[PDB]
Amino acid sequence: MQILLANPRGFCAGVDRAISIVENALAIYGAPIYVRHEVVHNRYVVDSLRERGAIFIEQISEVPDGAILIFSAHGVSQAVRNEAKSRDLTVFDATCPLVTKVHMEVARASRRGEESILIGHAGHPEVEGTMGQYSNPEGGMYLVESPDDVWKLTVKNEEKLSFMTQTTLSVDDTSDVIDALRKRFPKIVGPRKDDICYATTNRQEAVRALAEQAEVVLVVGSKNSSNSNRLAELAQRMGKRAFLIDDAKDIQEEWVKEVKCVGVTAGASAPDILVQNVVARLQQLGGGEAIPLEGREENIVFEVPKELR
């Protein structure tokens, strides 16, 4: 059994920064450090940090007065940032710069009273944060997930309309939704293609190349990781069996019985030690040296805030 590794895979720049933000806070100020929402969507990263004294909560009301609070990499609404601000709290913001970029555009549209449409998945914290940058009661902020949602949307002024996207979507599904938006609203304005980040695009491109060669694909990532789910889906749609797994213990022997080529990749929040343990398990089940595919080079790093060096 040949083991192939996708490239790129694993940590993006935003996740690396967000994790360092919480590790350095804990180091500078000692435990506890409160974090609103899982800092990134990975069970192993979250447990590692909790076991070091980060405490993960869902609402600002759970955080005591005097505390240090970190916003997750997914970002937060204005109302959240305001509730934190009115409270007696030291705040560090781990929001990925690439999410912040979308926030600034939503905020600009709000100020203009011009309506905006986000493509994204209902209930995701990134969507709640980005929708929550819009407050102008005179325009509007609408969420669509699919062409069918576009076909039912009505807006107040279709001559003044722009769109934004969640950072971790399917590049291909999002393309379909934009084509629908432009047919329904010919004067809609947007970025040249979408707001899907470089890491999400590259890991999709990499898993496409991986699935071309492998009969089975394992995607290391947590159930609630939106970008990881898109990797598994992509492979499945190319007709490969694909499984989303947190660690090596999730691998079922049947999944790889009589398989000649298995591929492994990792979503943007999954640490490389988990992939190493997956490879070790595949090897026990008969695989050989893991071979990395050639891949698009990633070179972007986002530094922690100077106050957290």
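Definition used throughout: the rigid core is the maximal C-alpha set that superposes within 1.5 Å between two forms. The first residue of the shown sequence is 1; numbering continues from there.
Relative to the shown model and aligned on the rigid core, the C-alphas in 6 other deposited structures of this protein deviate most, among 58-66 and 243-251, for 58-66. Remark: when the other structures in 6 other deposited structures of this protein are fitted onto this one via the rigid core, 80-88 deviates more than the alternative among 80-88 and 195-203, judged by RMS CA distance. Stretches compared: 171-179, 137-145. Higher mean C-alpha B-factor in the entry: 137-145. According to the PDB record, 280-288 carries the higher mean C-alpha B-factor of the two stretches 38-46 and 280-288.
Going by the entry's values, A27 shows the largest Cα B-factor out of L69, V264, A27, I273. Sort the modelled residues of the chain by CA B factor and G113 lands in the highest third. Sort the chain's modelled residues by C-alpha temperature factor and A107 lands in the highest third, per the entry. Ranked by C-alpha B-factor against the other modelled residues of its chain, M238 falls in the middle third.
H74: CA B factor lies in the lowest third for its chain, per the PDB record. In this PDB entry, the Cα temperature factor of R203 sits in the bottom third of its chain's modelled residues, the lowest group.
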